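Peer 1:
Protein chains in written order, with the deposited numbering: chain A, 651 to 696; chain A', 112 to 114, 121 to 160. A prime marks a further copy of an entry chain.
1. Pull up the DSSP beta-bridge partners for residue 155 of chain A', would you.
2. Which residues of the region 670 to 688 of chain A have a Cβ closer than 7 Å to any Cβ of chain A'? Give them in chain order.
3. In the DSSP assignment, the alpha helix (DSSP H) including residue 669 of chain A goes from what residue to what residue?
4. Have a look at A:675, A:666, A:676 and flag the residue whose alpha-carbon is nearest the alpha-carbon of residue 128 of chain A'.
5. Which whole-angstrom value is the C-beta distance of residue 675 of chain A and residue 134 of chain A', which I expect to be below 8 Å?
6. Do residue 152 of chain A' and residue 160 of chain A' come within 8 Å of each other at the CB atom, strictly closer than that value?
7. Return the first residue and the last residue of the alpha helix (DSSP H) that residue 690 of chain A is part of.
8. Whole angstroms is fine: what's the gap from residue 124 of chain A''s alpha carbon to residue 672 of chain A's?
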């Protein structure tokens with residue numbers, strides 16, 4: 651009986667879609683709409 | 112009574134990064150302020 655012992659394997663944390671790739675996926679980005687709003691909200695100079 | 122294909126693998130995502138492209142927007146902005154006039158104090 652020569653049974654080889656089972657090797658320890660290190661499961662990695664698997665990242666399918668990147669974070670920067672996740673919000674990159676929405677047609678409507680609230681962050682840049684609210685921002686686009688206050689950018690408009692500052693259009694008056696005399 | 113005594114008694121596994123090998124290969125090379127490439128995996129592919131579904132891709133979710135929405136397509137960007139720039140858009141030109143043409144428009145005009147008409148503004149109407151209105152005021153009164155007495156002595157030197159414009160209302």
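Ideal placement from N, C-alpha and C gives every residue a C-beta, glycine not left out.
Peer 2: If we stick to the structure as given:
1. A':158
2. 671, 674, 675, 676, 677
3. 669 to 672
4. A:666
5. 6 Å
6. yes
7. 680 to 690
8. 32 Å
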